[PDB]
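Comments concern the structure below.
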Protein chains: 6
Amino acid sequence: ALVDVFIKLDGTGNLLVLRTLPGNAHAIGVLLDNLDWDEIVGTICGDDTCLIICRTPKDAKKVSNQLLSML
Amino acid sequence: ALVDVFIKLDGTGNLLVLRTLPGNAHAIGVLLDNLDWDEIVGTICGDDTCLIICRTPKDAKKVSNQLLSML
Amino acid sequence: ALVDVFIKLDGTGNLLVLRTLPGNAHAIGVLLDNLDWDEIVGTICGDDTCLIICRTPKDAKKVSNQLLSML
Amino acid sequence: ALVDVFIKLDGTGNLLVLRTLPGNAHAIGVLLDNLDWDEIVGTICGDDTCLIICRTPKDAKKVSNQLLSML
Amino acid sequence: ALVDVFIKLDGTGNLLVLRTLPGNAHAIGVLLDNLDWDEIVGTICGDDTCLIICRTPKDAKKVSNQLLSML
Amino acid sequence: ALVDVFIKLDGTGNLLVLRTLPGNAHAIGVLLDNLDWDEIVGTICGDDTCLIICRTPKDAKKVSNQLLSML
Ligand SMILES: NC(=[NH2+])NCCC[C@H](N)C(=O)O
Ligand SMILES: NC(=[NH2+])NCCC[C@H](N)C(=O)O
Ligand SMILES: NC(=[NH2+])NCCC[C@H](N)C(=O)O
Ligand SMILES: NC(=[NH2+])NCCC[C@H](N)C(=O)O
Ligand SMILES: NC(=[NH2+])NCCC[C@H](N)C(=O)O
Ligand SMILES: NC(=[NH2+])NCCC[C@H](N)C(=O)O
């Protein structure tokens, strides 16, 4: 249901910062962790932000593309 | 929204305990706080549980019915 | 400190619901727990709401008074 | 592993307040939710406090006894 | 506000790690997110630590400077 | 302690991602912060993931080895 709470997807190097509606970070964090993509080392969620730690910037770009493709 | 994460709605006296999918408590906590129902004194969310503190058991029954009606 | 984030103090029976600025519930929760008032059985904080569980409605009124006196 | 993080168990009416070591509330919240005791309506965890909402004070006393028996 | 809870500001590359008083991470996280500085890609808060993800190490030094200037 | 909730330890560069049982991230976050290892700049915990920000990938390898040695 990413499109229902997704707000913005930014990034730097091997890191992606996914911004969601208030209080929905952990909901997508659950989604992300359940994908278990090899490119994602791990995810950490606060209240409206999800930090996706990827192996490399290239894996980040890849994850970013697959994520935006779900909207 | 609610129907997509709702799992169970229980209660005792003036208290309602809303159970949601893992990591979705704060998402509905935002929904509940946004409704600003006079019956709801306040809400506190953990990871998958939302505690809705109502003024009286009567107000709780009322809130429970309006909540279930959105399912 | 409290006056800097305090927004509203409500209650029912032996329960008090303290509303704070977004993300400041746990800051006050720390304050409350550090007071160790005999009247307060315990505190549970979400994002902007603090549930203060008091022993009796009378202890709740007492706690409410002391809290508002710090504003 | 309750005994490893348990600090104190208090209560009022149908409510129980379980105090744990810092950051361990959700760990026991998981334990409590997995028990699915009929007496427990629900649980809400903060950082070091777990609020156990029981149906009645009698169910609270019962839950309290079973919990302390695990230490 | 920041000076009231600020404890330490560290960093590595494009990342800044802001340490605050216990339970005050999200309070500052709200402050940071409200500044919407172009240098900050995003923020993630735990209990007493705020991770500020900046675009580059240079933007991190900049953000660090502006932050410490508010003390 | 750690062995009782530890699930996986991954990493990239100066970052380590520790995965724990659901709801146990902050319990080990407390453990990590209590160690005050010079290698660890800081830690941020969500629900089941702990992000350990180390100064360099070398420090991360070091921290990773001492962590796994406690298993
Ligand atoms: N209502 C709040 N807690 N706001 C602060 C959010 C801080 C940070 N963006 C996070 O998601 O962790
Ligand atoms: N993954 C977890 N933290 N589970 C424990 C949840 C405990 C309790 N139901 C709460 O929402 O606060
Ligand atoms: N940004 C948010 N997480 N909002 C939801 C808050 C829900 C509830 N009032 C609490 O403080 O736990
Ligand atoms: N480090 C902290 N967040 N302390 C505040 C705890 C507030 C309250 N006792 C709770 O467990 O929700
Ligand atoms: N009382 C606690 N929860 N302590 C653990 C804090 C872990 C980490 N420093 C964070 O802020 O996320
Ligand atoms: N029950 C949950 N909230 N699951 C989502 C966890 C997301 C992420 N691994 C974190 O610990 O922040």
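Each row is one residue, and each column tells you yes or no for (1) more than 19 Å from D:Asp36 (Cβ to Cβ); (2) within 16 Å of ligand 1 (Cβ to nearest atom).
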{"site": "B:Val3", "(1), (2)": "yes, no"}
{"site": "B:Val17", "(1), (2)": "no, no"}
{"site": "B:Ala25", "(1), (2)": "no, yes"}
{"site": "B:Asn34", "(1), (2)": "yes, yes"}
{"site": "B:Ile44", "(1), (2)": "yes, yes"}
{"site": "B:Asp48", "(1), (2)": "no, no"}
{"site": "B:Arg55", "(1), (2)": "yes, no"}
{"site": "B:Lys62", "(1), (2)": "yes, no"}
{"site": "B:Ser69", "(1), (2)": "yes, no"}
For F:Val5, only one of the following conditions fails: (1) away from ligand 6 (no atom under 16 Å from the Cβ); (2) surrounded by fewer than 24 Cβ atoms within 10 Å (Cβ to Cβ); (3) not basic (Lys, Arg). What is its number? (1)
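Taking D:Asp33 as the residue in question, decide whether it is more than 13 Å from ligand 4 (Cβ to nearest atom), closer than 17 Å to F:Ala25 by Cβ, assigned to a helix (DSSP H, G or I) and in contact with a strand residue (DSSP E or B) (Cβ under 7 Å, 6 or more places away or on another chain). Quick ask: steps written out before the conclusion?
Values: more than 13 Å from ligand 4 (Cβ to nearest atom): yes; closer than 17 Å to F:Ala25 by Cβ: yes; assigned to a helix (DSSP H, G or I): yes; in contact with a strand residue (DSSP E or B) (Cβ under 7 Å, 6 or more places away or on another chain): yes.
The answer is yes for D:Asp33.
Look at C:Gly11 and say whether it is in a strand (DSSP E or B) and either more than 16 Å from ligand 6 (Cβ to nearest atom) or in contact with an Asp or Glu (Cβ under 7 Å, 6 or more places away or on another chain) (or both). Explain how you work it out, then say what you get.
Numbers: in a strand (DSSP E or B): yes; either more than 16 Å from ligand 6 (Cβ to nearest atom) or in contact with an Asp or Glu (Cβ under 7 Å, 6 or more places away or on another chain) (or both): yes.
Answer is yes for this residue.
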Of residues in segment A:15-51 being more than 14 Å from ligand 6 (Cβ to nearest atom) and more than 12 Å from the chain's Cα centre (by Cα), the one surrounded by the fewest Cβ atoms within 10 Å (Cβ to Cβ): A:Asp38
Contact list please: Cβ distance under 8 Å, first residue in segment E:19-40 and farther than 20 Å from E:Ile7 by Cβ and away from ligand 2 (no atom under 16 Å from the Cβ), second residue of a type in the set (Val, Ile, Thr) and part of a helix (DSSP H, G or I), pairs at least six apart or on different chains. E:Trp37/E:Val63; E:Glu39/E:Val63
Of (1) away from ligand 4 (no atom under 16 Å from the Cβ); (2) within 30 Å of B:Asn24 (Cβ to Cβ); (3) in contact with a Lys or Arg (Cβ under 9 Å, 6 or more places away or on another chain), F:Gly42 satisfies every one except (1)
Restricting the search to segment D:15-41, which residues are within 11 Å of chain C (Cβ to nearest Cβ) and under 10 Å from D:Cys54 (Cα atoms)? D:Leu15, D:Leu16
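Filtering segment A:15-30 down to residues that are in contact with a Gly (Cβ under 7 Å, 6 or more places away or on another chain) and in a helix (DSSP H, G or I), which residue is nearest to E:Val30 (Cα to Cα)?
In this case the residue turns out to be A:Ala25.
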Test E:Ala60 against the stated conditions and say whether it is crowded, with 17+ Cβ neighbours inside 10 Å, within 16 Å of ligand 3 (Cβ to nearest atom), among the small types (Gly, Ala, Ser) and in a helix (DSSP H, G or I). no
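Any chance you could count how many residues in segment B:1-14 are of a type in the set (D, E, K, R) and either within 9 Å of the chain's Cα centre (by Cα) or under 20 Å from D:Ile52 (Cβ atoms) (or both)? Write out each step before concluding.
If we filter segment B:1-14 for residues that are of a type in the set (D, E, K, R), which is where we start, we get B:4, B:8, B:10.
When the remaining residues are screened for being either within 9 Å of the chain's Cα centre (by Cα) or under 20 Å from D:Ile52 (Cβ atoms) (or both), the result is B:8, B:10.
Of the residues in that region, 2 qualify.
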Before we move on, is F:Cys54 under 10 Å from the mean Cα position of the chain (by Cα), within 14 Å of chain A (Cβ to nearest Cβ) and under 24 Å from B:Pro22 (Cα atoms)? no
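Note that each Cβ is placed from the backbone with ideal geometry, even for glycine, and that neighbours are counted across all protein chains shown. We did not get these values from a lab; they are worked out from the coordinates using the rules stated.
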